[PDB]
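The structure appears right after this line, and notes come after that.
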Amino acid sequence: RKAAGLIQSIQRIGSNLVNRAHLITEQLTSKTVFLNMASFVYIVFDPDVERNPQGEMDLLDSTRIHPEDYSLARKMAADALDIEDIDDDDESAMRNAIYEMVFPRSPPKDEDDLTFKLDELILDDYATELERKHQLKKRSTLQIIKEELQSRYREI
Amino acid sequence: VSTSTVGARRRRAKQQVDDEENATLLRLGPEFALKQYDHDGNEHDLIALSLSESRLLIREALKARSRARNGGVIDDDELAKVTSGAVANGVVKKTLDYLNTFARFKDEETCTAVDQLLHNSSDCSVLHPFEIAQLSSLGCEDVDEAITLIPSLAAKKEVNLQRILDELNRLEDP
Amino acid sequence: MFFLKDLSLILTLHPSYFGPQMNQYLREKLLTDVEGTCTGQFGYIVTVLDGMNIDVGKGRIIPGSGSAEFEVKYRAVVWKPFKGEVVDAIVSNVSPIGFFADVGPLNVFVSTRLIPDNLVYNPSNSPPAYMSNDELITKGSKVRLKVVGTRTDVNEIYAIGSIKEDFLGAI
Amino acid sequence: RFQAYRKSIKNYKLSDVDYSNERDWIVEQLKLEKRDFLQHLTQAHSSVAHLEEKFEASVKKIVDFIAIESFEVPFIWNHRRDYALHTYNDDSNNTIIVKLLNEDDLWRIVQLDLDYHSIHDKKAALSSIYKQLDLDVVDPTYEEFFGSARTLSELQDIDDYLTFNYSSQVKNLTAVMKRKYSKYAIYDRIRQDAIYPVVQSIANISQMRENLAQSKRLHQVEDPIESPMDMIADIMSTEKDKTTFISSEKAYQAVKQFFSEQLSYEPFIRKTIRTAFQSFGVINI
């Protein structure tokens, strides 16, 4: 019943869904249902439409990363880029950092993509910092995020 | 398969409302009518059987057959095993279990006294045999309860229902 | 309800059995073919009275087939439920759609729509049952039910009971 | 899926005390079921202290998630599996993952929480019945077996014990009319009859319960100065007006059956027999 109503609402609204946040903004569902189903439903990102930075279609929407951890994924991406100019609250800079990391305008000179540099980050340190700051056991979540950045929806 | 002694019943045009089976209305159909005929064609009354009478008759017939099959030389399981046919054995087992687990009167003399009371009574001289069987079977305790369970007795208010019920309860072995 | 009825049966005998023991053989054949059977017109035949002294008469030879046809008349005990009758029962199974009880050879199914609402079905109970605050009806429990409808089959009878009225339910 | 599971559950939001009791019962049920897994984990990973304590904490957290936050199993397994696994370091400080639970265990959690939500209504009904009894002295057996009551079979045993030993009180509370015959009417008559003092004199109920619970002799069953037949006949002769029995043998049989019923309705005997059968019983066909 819920899937039928959801697909009917999506069809009435338009041909496709723009981003995961619209499942809440467009009154398409409630809160707990969205939180449960958030990471298991995705929209295929396309670098052709990526040209505008204002693109509502988030790249993280094509990953297993939960929407509640999009900020954490952005922070990890900023950590891998080693760019200390961006602080922890400049979300537009984080979005541009992900844009560069996954779909750089200039292809890397070597064969190691910017997503590969995430392997140099120490997940244990970040997990300990998160557990100290907000009491969250998310080391497995950080591992999953790194895996998703290394390959979007690898077959399980 | 088996055919009743009542035959004919050819086509007509009238349709009657006393054709449908209904225990409350005491409409038992043609084959269970109040008047029956034996093999000689003489008048015969419908023969109802209470669980006590039915149990007595089935036990007597089964033990007679068991004695005859052994050359004229008690357990319900053995008695059921006497009969032939697996489905027949199961059916007689189920009937015996029902009768045993709901036998109000397991003694011949108690059943005889109950039948005498329910037949020779002046009030019971009009009672339908189905009503008599229901009264002796259900083991009702109250006039209101009996009337609710047996709607036919509601229209028969010339019956000493309460004292007859108390007599049955007395005759019932505690 | 149990009754005494005078029934008749048509019995056909093959010529290979035309011996001195013809009568007794006809008797056992009748007993095997009548005891325990279920006819919609009459109900269930449980026993045949005087099973060893039944008159069989003279058999008639069927022209063109040799076999003899016998007309056997006998008295038997017959049980048949009636619409609107209240009888005792024993519950045989409990299910969410309803519970199945047994009234002698007849198995009666009672749906939830004919059960009082307070007797909510409890599947967690061991064994699962339809229970209320003061009532609990499970497998093997005595129940007093009223037969509402009877369904006629080829050689079977299906009855429907109810416990929704007074003086019904658990006993 | 949760709505379908909870469709039959009329009352779902338990109290905090009931919530903690549900968590404890779920933990105990898992410990009983996964005893082999816990034993193997403890034996292999003997170096780590209180692995099972962390297991209990993780089970409590999972129950909290499922009940309060209404999280489906795959979401928990894909985004909360950090709670389900305990990362300990060995003597070499190598990070070792310990898979405390699997998805099948989460399904078991859902089934167990449904089961406890079902039995919670029954335990509340028994509590309400006991409160309606309003005993002048709180029955020690009632408290002792209600505190340790985990299965609905034990709740049924409690109900049977309470109804048997307070048949008159329970019947009055029902009265506080369909002529259903009380199966305990004969025992109530025995209680009202003059032979009930003899039944007392056979053995003290409180002393019997204390001796059985202790499993050793705390008091000696004092034998009355006169034989059972002597006392029965004497009371029958001196109380012909009230003794409803006809013969002394009939009163003797009634006393024996009443004592048998008293022994049968004792929760401790039933519990011991059930434990013995569940532990060392065999199956024959």
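Chains as they are written, first to last, in the authors' numbering: chain A, 983 to 1138; chain B, 3 to 75, 84 to 184; chain C, 1 to 171; chain D, 309 to 484, 511 to 619.
Heads up, the beta-carbon is just placed ideally off N, CA and C, and yes, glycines get one too.
Please confirm whether D/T395 has its beta-carbon closer than 8 Å to some beta-carbon of chain C. No, its Cβ sits nowhere closer than 8 Å to a Cβ of chain C.
Ignore the nearest five residues each way along the sequence and tell me which others in B/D133's own chain have a CB closer than 7 Å to its CB. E168, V169 and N170
Would you call D/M565 buried or exposed, if buried means 16 or more other Cβ atoms sit within 10 Å of its Cβ? Classification of D/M565: buried, given that the 10 Å Cβ count is 16 or more.
Between the C-alpha atoms of B/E182 and B/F115, what's the straight-line distance to the nearest angstrom? 6 Å
8 Å Cβ cut-off: residues of chain D touching A/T1123: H387 and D390
Do the region 566–577 of chain D and the region 464–478 of chain D touch if we need at least three Cβ pairs shorter than 8 Å? no
Counting C-beta neighbours from all protein chains within 10 Å, is the total for C/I97 16 or more, i.e. buried, or is it exposed? exposed
I think C/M1 touches C/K83, with their Cβ atoms under 8 Å apart; what is that distance to the nearest whole Å? In fact, because the Cβ distance is near 12 Å, the residues do not count as touching under 8 Å.
Report the three-state DSSP secondary structure of B/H138 (helix, strand or coil). coil
Could you pull the start and end residues of the beta strand (DSSP E) that A/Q1009 belongs to? Element bounds for A/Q1009: n/a, residue is neither H nor E.
At 8 Å on the CB atoms, spell out the chain C contacts of D/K512, in chain order. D166 and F167
Say whether the region 42–52 of chain C touches the region 13–23 of chain B, bearing in mind that this needs 3 or more beta-carbon pairs closer than 8 Å, one atom from each stretch. no
Among D/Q337, D/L552, D/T471 and D/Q534, which one has its Cα closest to the Cα of D/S516? D/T471
Please tell me whether B/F115 has its Cβ less than 8 Å away from any Cβ of chain C. Cβ-Cβ to chain C under 8 Å: no for B/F115.
Nearest to D/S594 by CA position, among D/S355, D/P531 and D/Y521, is which residue? D/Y521
Is DSSP giving B/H129 helix, strand or coil here? helix
Shorter than 8 Å from the beta carbon of D/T482 to some beta carbon of chain C? yes
Taking DSSP as the reference, what is the three-state secondary structure of C/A89? strand
Taking 8 Å as the threshold, find out whether the region 55–70 of chain C comes into contact with the region 114–127 of chain C through three or more Cβ pairs. no
Give the secondary structure of C/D134 by DSSP, where H, G and I count as helix, E and B as strand, and everything else as coil. Note: C/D134 maps to coil in three-state DSSP.
Where residue 282 of chain D falls, given that 16 or more other Cβ within 10 Å makes a residue buried: The requested residue 282 of chain D does not occur in the structure, where chain D is confined to residues 309 to 619.
Establish whether the CB of B/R67 and some CB of chain C are separated by less than 8 Å. yes
Of all the options B/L159, B/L36, B/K166 and B/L128, which has the alpha carbon lying nearest to the alpha carbon of B/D176? B/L128
Any C-beta of chain B under 8 Å from that of C/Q21: Chain B contact via Cβ: absent.
C/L49 in three-state terms, based on DSSP: coil
Along chain C, which residues have their Cβ under 8 Å away from the Cβ of B/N24? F82, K83 and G84
At least one CB of chain D closer than 8 Å to the CB of C/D55: is that the case? no
Do D/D390 and A/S1133 have their beta-carbon atoms positioned less than 8 Å apart in this structure? no
Hey, D/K439 and D/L463 are a contact pair by Cβ (cut 8 Å); roughly how many whole angstroms apart? At roughly 15 Å, the Cβ-Cβ gap does not stay under 8 Å, so D/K439 and D/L463 are not in contact.
Would you mind working out which of D/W385, D/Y424 and D/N386 sits nearest D/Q337, comparing C-alpha positions? Measuring C-alpha to C-alpha distances from D/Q337 to each of D/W385, D/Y424 and D/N386 identifies D/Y424 as the nearest.
Residue span of the beta strand (DSSP E) that contains B/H46, given as start and end: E45 to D47
Local conformation of residue 191 of chain C per DSSP, three classes: Because chain C is modelled from 1 through 171, residue 191 of chain C falls outside the range shown and cannot be assessed.
Spatial distance of A/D1067 from D/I376 (CA atoms): Using only the alpha carbons, I get a separation of about 41 Å.
Shorter than 8 Å from the beta carbon of A/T1014 to some beta carbon of chain D? yes
What does C/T47 reach in chain B if we use C-beta pairs closer than 8 Å? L59, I60, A63, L64 and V102
Could you tell me the alpha carbon to alpha carbon distance between D/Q347 and A/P1086, rounded to whole angstroms? 53 Å
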